[PDB]
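A.B. asks: Take a look at target.cif, mmCIF, N, CA, C and O atoms:
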data_work
#
loop_
_atom_site.label_atom_id
_atom_site.label_comp_id
_atom_site.auth_asym_id
_atom_site.auth_seq_id
_atom_site.Cartn_x
_atom_site.Cartn_y
_atom_site.Cartn_z
N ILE A 1 -4.93 6.91 5.54
CA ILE A 1 -3.52 6.91 5.15
C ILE A 1 -3.33 6.04 3.91
O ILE A 1 -2.72 6.47 2.92
N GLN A 2 -3.88 4.82 3.93
CA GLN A 2 -3.75 3.94 2.78
C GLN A 2 -4.60 4.43 1.61
O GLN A 2 -4.20 4.31 0.45
N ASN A 3 -5.77 5.03 1.91
CA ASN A 3 -6.63 5.57 0.87
C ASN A 3 -5.98 6.75 0.15
O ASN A 3 -6.23 6.96 -1.04
N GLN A 4 -5.15 7.52 0.85
CA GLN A 4 -4.45 8.61 0.19
C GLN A 4 -3.18 8.12 -0.49
O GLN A 4 -2.85 8.57 -1.59
N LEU A 5 -2.46 7.18 0.14
CA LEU A 5 -1.22 6.67 -0.44
C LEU A 5 -1.45 5.73 -1.61
O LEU A 5 -0.48 5.38 -2.29
N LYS A 6 -2.70 5.31 -1.84
CA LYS A 6 -3.01 4.55 -3.05
C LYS A 6 -2.82 5.40 -4.30
O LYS A 6 -2.28 4.93 -5.31
N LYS A 7 -3.25 6.66 -4.26
CA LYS A 7 -3.31 7.51 -5.44
C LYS A 7 -2.01 8.23 -5.74
O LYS A 7 -2.01 9.14 -6.58
N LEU A 8 -0.91 7.85 -5.11
CA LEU A 8 0.33 8.61 -5.24
C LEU A 8 1.05 8.24 -6.53
O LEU A 8 1.29 7.06 -6.81
N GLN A 9 1.39 9.26 -7.33
CA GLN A 9 2.02 9.07 -8.64
C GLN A 9 3.26 9.94 -8.81
O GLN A 9 3.60 10.31 -9.94
N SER A 10 3.93 10.28 -7.73
CA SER A 10 5.06 11.20 -7.79
C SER A 10 6.38 10.45 -7.80
O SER A 10 6.42 9.25 -7.52
N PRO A 11 7.46 11.10 -8.21
CA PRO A 11 8.80 10.61 -7.86
C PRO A 11 9.42 11.32 -6.67
O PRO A 11 10.59 11.06 -6.36
N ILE A 12 8.67 12.19 -6.00
CA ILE A 12 9.26 13.14 -5.06
C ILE A 12 8.17 13.56 -4.08
O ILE A 12 6.98 13.56 -4.42
N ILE A 13 8.57 13.86 -2.85
CA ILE A 13 7.63 14.23 -1.79
C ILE A 13 8.19 15.43 -1.05
O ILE A 13 9.30 15.37 -0.51
N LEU A 14 7.43 16.52 -1.04
CA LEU A 14 7.77 17.70 -0.28
C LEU A 14 7.12 17.61 1.10
O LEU A 14 6.27 16.75 1.34
N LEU A 15 7.50 18.51 2.00
CA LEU A 15 7.37 18.24 3.42
C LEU A 15 6.57 19.31 4.15
O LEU A 15 6.57 20.49 3.77
N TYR A 16 5.87 18.88 5.20
CA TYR A 16 5.20 19.72 6.19
C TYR A 16 6.18 20.21 7.25
O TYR A 16 7.39 20.23 7.03
N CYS A 17 5.65 20.64 8.40
CA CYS A 17 6.44 21.22 9.48
C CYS A 17 6.84 20.23 10.57
O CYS A 17 7.98 20.30 11.05
N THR A 18 5.96 19.32 10.97
CA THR A 18 6.16 18.57 12.21
C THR A 18 7.24 17.50 12.06
O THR A 18 7.65 17.13 10.96
N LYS A 19 7.70 16.99 13.21
CA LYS A 19 8.85 16.09 13.30
C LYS A 19 8.55 14.76 13.97
O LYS A 19 9.03 13.72 13.51
N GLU A 20 7.78 14.76 15.06
CA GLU A 20 7.34 13.49 15.64
C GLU A 20 6.34 12.81 14.72
O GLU A 20 6.38 11.58 14.54
N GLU A 21 5.47 13.60 14.09
CA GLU A 21 4.66 13.08 13.01
C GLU A 21 5.50 12.73 11.79
O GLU A 21 5.08 11.88 11.01
N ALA A 22 6.68 13.34 11.62
CA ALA A 22 7.55 12.89 10.54
C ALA A 22 8.12 11.51 10.82
O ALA A 22 8.24 10.69 9.91
N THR A 23 8.44 11.23 12.09
CA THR A 23 8.84 9.88 12.49
C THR A 23 7.70 8.89 12.29
O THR A 23 7.89 7.81 11.70
N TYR A 24 6.49 9.26 12.72
CA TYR A 24 5.33 8.39 12.57
C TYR A 24 4.95 8.19 11.10
O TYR A 24 4.51 7.10 10.72
N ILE A 25 5.13 9.20 10.27
CA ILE A 25 4.76 9.08 8.87
C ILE A 25 5.86 8.37 8.08
O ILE A 25 5.57 7.66 7.10
N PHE A 26 7.11 8.45 8.54
CA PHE A 26 8.15 7.54 8.07
C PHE A 26 7.78 6.10 8.38
O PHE A 26 7.98 5.21 7.54
N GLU A 27 7.22 5.86 9.57
CA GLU A 27 6.76 4.53 9.93
C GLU A 27 5.61 4.06 9.05
O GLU A 27 5.61 2.90 8.59
N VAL A 28 4.63 4.93 8.77
CA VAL A 28 3.52 4.48 7.92
C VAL A 28 3.94 4.37 6.45
O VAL A 28 3.36 3.56 5.72
N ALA A 29 4.96 5.11 6.01
CA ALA A 29 5.47 4.93 4.66
C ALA A 29 6.30 3.67 4.55
O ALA A 29 6.37 3.06 3.48
N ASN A 30 6.96 3.27 5.65
CA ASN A 30 7.63 1.98 5.68
C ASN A 30 6.63 0.84 5.65
O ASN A 30 6.83 -0.15 4.94
N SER A 31 5.53 0.96 6.40
CA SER A 31 4.54 -0.11 6.42
C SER A 31 3.65 -0.09 5.18
O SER A 31 2.90 -1.05 4.96
N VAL A 32 3.69 0.98 4.40
CA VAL A 32 3.02 0.99 3.10
C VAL A 32 3.96 0.47 2.00
O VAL A 32 3.56 -0.34 1.16
N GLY A 33 5.22 0.88 2.03
CA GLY A 33 6.18 0.42 1.04
C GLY A 33 6.70 1.55 0.18
O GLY A 33 7.04 1.36 -0.99
N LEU A 34 6.78 2.73 0.77
CA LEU A 34 7.07 3.96 0.05
C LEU A 34 8.53 4.38 0.11
O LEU A 34 8.97 5.18 -0.72
N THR A 35 9.31 3.82 1.03
CA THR A 35 10.52 4.48 1.49
C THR A 35 11.76 4.19 0.64
O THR A 35 12.74 4.95 0.73
N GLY A 36 11.76 3.13 -0.17
CA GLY A 36 13.00 2.61 -0.72
C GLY A 36 13.80 3.46 -1.69
O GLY A 36 14.83 4.03 -1.29
N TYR A 37 13.38 3.58 -2.96
CA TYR A 37 14.02 4.53 -3.86
C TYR A 37 13.06 5.15 -4.87
O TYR A 37 13.52 5.90 -5.74
N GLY A 38 11.77 4.86 -4.79
CA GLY A 38 10.82 5.48 -5.71
C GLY A 38 10.50 6.92 -5.41
O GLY A 38 9.86 7.59 -6.24
N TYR A 39 10.91 7.43 -4.25
CA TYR A 39 10.63 8.79 -3.83
C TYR A 39 11.86 9.37 -3.16
O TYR A 39 12.68 8.64 -2.60
N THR A 40 11.99 10.69 -3.23
CA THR A 40 12.98 11.42 -2.46
C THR A 40 12.31 12.60 -1.77
O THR A 40 11.22 13.04 -2.14
N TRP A 41 12.98 13.12 -0.74
CA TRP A 41 12.38 14.07 0.18
C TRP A 41 13.27 15.28 0.38
O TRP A 41 14.47 15.14 0.64
N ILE A 42 12.68 16.46 0.25
CA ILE A 42 13.34 17.72 0.56
C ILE A 42 12.91 18.13 1.96
O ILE A 42 11.71 18.21 2.25
N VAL A 43 13.89 18.40 2.82
CA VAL A 43 13.61 18.66 4.23
C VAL A 43 13.86 20.12 4.57
O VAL A 43 15.02 20.56 4.62
N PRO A 44 12.82 20.91 4.84
CA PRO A 44 13.04 22.23 5.42
C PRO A 44 13.41 22.12 6.89
O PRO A 44 13.52 21.03 7.46
N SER A 45 13.59 23.28 7.52
CA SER A 45 13.79 23.31 8.95
C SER A 45 12.49 22.96 9.68
O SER A 45 11.41 22.89 9.08
N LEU A 46 12.63 22.68 10.98
CA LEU A 46 11.65 22.24 11.98
C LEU A 46 11.26 20.77 11.77
O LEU A 46 10.70 20.15 12.68
N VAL A 47 11.63 20.15 10.65
CA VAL A 47 11.63 18.71 10.53
C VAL A 47 13.02 18.14 10.79
O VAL A 47 13.16 17.09 11.42
N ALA A 48 14.05 18.82 10.28
CA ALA A 48 15.41 18.53 10.71
C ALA A 48 15.59 18.85 12.19
O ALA A 48 16.04 18.00 12.96
N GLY A 49 15.20 20.06 12.59
CA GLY A 49 15.29 20.49 13.98
C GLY A 49 16.72 20.57 14.48
O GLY A 49 17.50 21.41 14.03
N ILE B 1 5.04 -8.78 -0.21
CA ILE B 1 3.62 -8.55 -0.47
C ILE B 1 3.39 -7.10 -0.89
O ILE B 1 2.75 -6.83 -1.91
N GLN B 2 3.96 -6.16 -0.14
CA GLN B 2 3.80 -4.75 -0.49
C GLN B 2 4.60 -4.40 -1.73
O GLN B 2 4.16 -3.58 -2.55
N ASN B 3 5.77 -5.04 -1.91
CA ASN B 3 6.58 -4.81 -3.10
C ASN B 3 5.89 -5.29 -4.37
O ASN B 3 6.09 -4.71 -5.44
N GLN B 4 5.09 -6.34 -4.27
CA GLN B 4 4.34 -6.79 -5.44
C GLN B 4 3.06 -5.99 -5.62
O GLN B 4 2.70 -5.65 -6.76
N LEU B 5 2.37 -5.66 -4.53
CA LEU B 5 1.12 -4.92 -4.61
C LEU B 5 1.32 -3.45 -4.95
O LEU B 5 0.33 -2.76 -5.22
N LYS B 6 2.56 -2.96 -4.91
CA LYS B 6 2.83 -1.61 -5.40
C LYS B 6 2.60 -1.51 -6.90
O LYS B 6 2.02 -0.52 -7.38
N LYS B 7 3.00 -2.52 -7.66
CA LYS B 7 3.02 -2.46 -9.11
C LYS B 7 1.70 -2.85 -9.76
O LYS B 7 1.66 -3.05 -10.98
N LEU B 8 0.62 -2.95 -8.99
CA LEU B 8 -0.63 -3.47 -9.53
C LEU B 8 -1.40 -2.38 -10.26
O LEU B 8 -1.62 -1.29 -9.72
N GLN B 9 -1.80 -2.68 -11.50
CA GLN B 9 -2.46 -1.71 -12.38
C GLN B 9 -3.73 -2.27 -13.01
O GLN B 9 -4.13 -1.82 -14.09
N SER B 10 -4.37 -3.23 -12.37
CA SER B 10 -5.51 -3.91 -12.96
C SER B 10 -6.82 -3.34 -12.44
O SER B 10 -6.84 -2.60 -11.45
N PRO B 11 -7.93 -3.60 -13.13
CA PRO B 11 -9.25 -3.48 -12.49
C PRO B 11 -9.81 -4.80 -11.98
O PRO B 11 -10.96 -4.82 -11.52
N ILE B 12 -9.04 -5.88 -12.04
CA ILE B 12 -9.60 -7.22 -11.87
C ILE B 12 -8.48 -8.14 -11.41
O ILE B 12 -7.30 -7.92 -11.72
N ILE B 13 -8.83 -9.15 -10.62
CA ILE B 13 -7.87 -10.09 -10.07
C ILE B 13 -8.42 -11.50 -10.21
O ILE B 13 -9.52 -11.80 -9.72
N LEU B 14 -7.68 -12.36 -10.90
CA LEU B 14 -8.00 -13.76 -11.03
C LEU B 14 -7.31 -14.54 -9.91
O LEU B 14 -6.46 -14.01 -9.21
N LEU B 15 -7.67 -15.81 -9.76
CA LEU B 15 -7.49 -16.49 -8.48
C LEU B 15 -6.67 -17.77 -8.60
O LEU B 15 -6.70 -18.46 -9.63
N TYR B 16 -5.94 -18.07 -7.53
CA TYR B 16 -5.24 -19.34 -7.30
C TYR B 16 -6.18 -20.40 -6.74
O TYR B 16 -7.40 -20.30 -6.89
N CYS B 17 -5.62 -21.43 -6.12
CA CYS B 17 -6.36 -22.58 -5.61
C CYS B 17 -6.72 -22.49 -4.13
O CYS B 17 -7.83 -22.86 -3.75
N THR B 18 -5.81 -22.01 -3.27
CA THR B 18 -5.95 -22.20 -1.83
C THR B 18 -7.02 -21.29 -1.24
O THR B 18 -7.48 -20.32 -1.86
N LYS B 19 -7.43 -21.61 0.00
CA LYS B 19 -8.57 -20.98 0.66
C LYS B 19 -8.23 -20.35 2.01
O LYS B 19 -8.71 -19.25 2.31
N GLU B 20 -7.43 -21.01 2.84
CA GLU B 20 -6.96 -20.38 4.06
C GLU B 20 -5.98 -19.26 3.74
O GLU B 20 -6.00 -18.19 4.36
N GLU B 21 -5.15 -19.48 2.72
CA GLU B 21 -4.38 -18.39 2.16
C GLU B 21 -5.25 -17.37 1.46
O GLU B 21 -4.85 -16.21 1.37
N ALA B 22 -6.44 -17.74 0.98
CA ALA B 22 -7.35 -16.73 0.44
C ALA B 22 -7.88 -15.83 1.55
O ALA B 22 -8.02 -14.62 1.35
N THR B 23 -8.14 -16.40 2.73
CA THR B 23 -8.49 -15.60 3.90
C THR B 23 -7.35 -14.67 4.30
O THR B 23 -7.54 -13.47 4.52
N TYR B 24 -6.13 -15.22 4.36
CA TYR B 24 -4.97 -14.43 4.75
C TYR B 24 -4.63 -13.35 3.72
O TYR B 24 -4.19 -12.26 4.08
N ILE B 25 -4.85 -13.62 2.44
CA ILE B 25 -4.54 -12.63 1.42
C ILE B 25 -5.67 -11.61 1.29
O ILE B 25 -5.42 -10.45 0.95
N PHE B 26 -6.90 -12.00 1.63
CA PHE B 26 -7.95 -11.01 1.87
C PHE B 26 -7.56 -10.06 2.99
O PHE B 26 -7.77 -8.85 2.90
N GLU B 27 -6.94 -10.61 4.04
CA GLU B 27 -6.45 -9.78 5.14
C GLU B 27 -5.32 -8.85 4.69
O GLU B 27 -5.32 -7.66 5.05
N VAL B 28 -4.37 -9.35 3.90
CA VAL B 28 -3.28 -8.46 3.47
C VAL B 28 -3.74 -7.46 2.41
O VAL B 28 -3.18 -6.37 2.32
N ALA B 29 -4.79 -7.78 1.65
CA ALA B 29 -5.35 -6.80 0.72
C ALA B 29 -6.17 -5.76 1.45
O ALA B 29 -6.27 -4.61 0.99
N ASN B 30 -6.77 -6.14 2.58
CA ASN B 30 -7.42 -5.16 3.44
C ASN B 30 -6.40 -4.23 4.08
O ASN B 30 -6.61 -3.02 4.15
N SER B 31 -5.28 -4.79 4.55
CA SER B 31 -4.27 -3.94 5.19
C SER B 31 -3.42 -3.18 4.18
O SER B 31 -2.67 -2.29 4.58
N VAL B 32 -3.51 -3.53 2.91
CA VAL B 32 -2.92 -2.72 1.84
C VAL B 32 -3.90 -1.66 1.35
O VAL B 32 -3.54 -0.49 1.20
N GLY B 33 -5.16 -2.04 1.15
CA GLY B 33 -6.17 -1.08 0.71
C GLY B 33 -6.73 -1.44 -0.65
O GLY B 33 -7.12 -0.56 -1.42
N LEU B 34 -6.78 -2.73 -0.93
CA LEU B 34 -7.10 -3.25 -2.25
C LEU B 34 -8.57 -3.63 -2.40
O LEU B 34 -9.05 -3.77 -3.53
N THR B 35 -9.31 -3.75 -1.30
CA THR B 35 -10.52 -4.56 -1.29
C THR B 35 -11.78 -3.83 -1.74
O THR B 35 -12.75 -4.49 -2.12
N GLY B 36 -11.80 -2.49 -1.70
CA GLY B 36 -13.06 -1.77 -1.77
C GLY B 36 -13.89 -1.83 -3.04
O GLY B 36 -14.90 -2.54 -3.07
N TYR B 37 -13.50 -1.11 -4.10
CA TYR B 37 -14.18 -1.29 -5.37
C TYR B 37 -13.28 -1.13 -6.59
O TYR B 37 -13.78 -1.19 -7.72
N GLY B 38 -11.97 -0.94 -6.42
CA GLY B 38 -11.09 -0.84 -7.57
C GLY B 38 -10.76 -2.16 -8.23
O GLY B 38 -10.15 -2.16 -9.31
N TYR B 39 -11.14 -3.27 -7.62
CA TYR B 39 -10.86 -4.60 -8.14
C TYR B 39 -12.08 -5.49 -7.93
O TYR B 39 -12.87 -5.28 -7.01
N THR B 40 -12.22 -6.48 -8.80
CA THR B 40 -13.20 -7.54 -8.62
C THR B 40 -12.53 -8.89 -8.84
O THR B 40 -11.46 -8.99 -9.44
N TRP B 41 -13.17 -9.94 -8.33
CA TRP B 41 -12.54 -11.24 -8.23
C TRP B 41 -13.45 -12.32 -8.79
O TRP B 41 -14.64 -12.38 -8.46
N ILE B 42 -12.87 -13.17 -9.63
CA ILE B 42 -13.54 -14.36 -10.15
C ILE B 42 -13.07 -15.55 -9.34
O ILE B 42 -11.86 -15.78 -9.21
N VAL B 43 -14.01 -16.31 -8.78
CA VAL B 43 -13.69 -17.39 -7.86
C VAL B 43 -13.95 -18.74 -8.50
O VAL B 43 -15.11 -19.13 -8.69
N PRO B 44 -12.91 -19.51 -8.82
CA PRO B 44 -13.12 -20.92 -9.17
C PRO B 44 -13.44 -21.75 -7.94
O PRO B 44 -13.51 -21.25 -6.81
N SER B 45 -13.61 -23.04 -8.16
CA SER B 45 -13.76 -23.96 -7.05
C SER B 45 -12.43 -24.13 -6.32
O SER B 45 -11.37 -23.69 -6.79
N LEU B 46 -12.51 -24.72 -5.12
CA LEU B 46 -11.49 -24.99 -4.11
C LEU B 46 -11.09 -23.70 -3.37
O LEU B 46 -10.48 -23.78 -2.30
N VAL B 47 -11.49 -22.52 -3.85
CA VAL B 47 -11.48 -21.32 -3.04
C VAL B 47 -12.84 -21.06 -2.43
O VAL B 47 -12.94 -20.63 -1.28
N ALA B 48 -13.90 -21.29 -3.21
CA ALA B 48 -15.24 -21.34 -2.64
C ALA B 48 -15.37 -22.52 -1.69
O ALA B 48 -15.78 -22.35 -0.53
N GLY B 49 -15.01 -23.72 -2.15
CA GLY B 49 -15.06 -24.92 -1.34
C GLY B 49 -16.46 -25.30 -0.94
O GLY B 49 -17.28 -25.68 -1.78
#
Starting from the file, lay out its structure as structure tokens.

C.D. replies:
Amino acid sequence: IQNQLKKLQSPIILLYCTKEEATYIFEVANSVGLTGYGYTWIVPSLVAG
Amino acid sequence: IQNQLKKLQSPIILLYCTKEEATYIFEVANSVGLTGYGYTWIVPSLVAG
């Protein structure tokens, strides 16, 4: 997770399908330092649910 | 710690004085993902001890 999040150079993050893993990956992005305002997220269905 | 380590763009890291904090900051660089081979460290005295 940290090895992949090291190389991130985006202003924006598009999304997969899952939702409990979306909660967990919100948690790992919080513990990495990703969540504040350097990125924004487009949410399709099944993550909104 | 994560807010400062986000902005790091070096191949190299120079050093402060303390040593128990050097152990603790080795720990936080491990939990960030800094330690492997993207950086190298020059060690003065009182960190070597």

A.B. asks: Nearest to chain B: which of A:33, A:38, A:44, A:49 is it, counting only C-alpha atoms?

C.D. replies: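 Ranking A:33, A:38, A:44, A:49 by distance to chain B, first place goes to A:33.
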
A.B. asks: I'd like the residues picked by the PyMOL selection byres ((chain B and name CA) within 8 of (chain A and name CA)) written out as a list in words, using the chain letters and numbers from the file.

C.D. replies: residues 2, 3, 6, 32 and 33 of chain B

A.B. asks: Using Å and a single decimal, report how far atom O of residue A:10 sits from atom N of residue B:14.

C.D. replies: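 Straight-line distance from atom N of residue B:14 to atom O of residue A:10 works out to 26.0 Å.
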
A.B. asks: Could you state the separation of atom CA of residue B:39 and atom CA of residue A:8 in Å, given to one decimal place?

C.D. replies: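 Atom CA of residue A:8 lies 17.6 Å from atom CA of residue B:39.
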
A.B. asks: So how many Å separate atom C of residue B:36 and atom C of residue A:37, to one decimal?

C.D. replies: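 We find that atom C of residue B:36 and atom C of residue A:37 lie 27.9 Å from each other.
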
A.B. asks: Near residue B:18, counting all atoms listed in the file, which residues have an atom at most 8 Å away, once you skip same-chain residues fewer than 3 positions from it, shown as number ranges by chain?

C.D. replies: B: 15, 21-23, 44-48

A.B. asks: Mind checking DSSP for chain B and telling me the strand (DSSP E) residues as a ChimeraX atom specification?

C.D. replies: /B:12-13,40-41
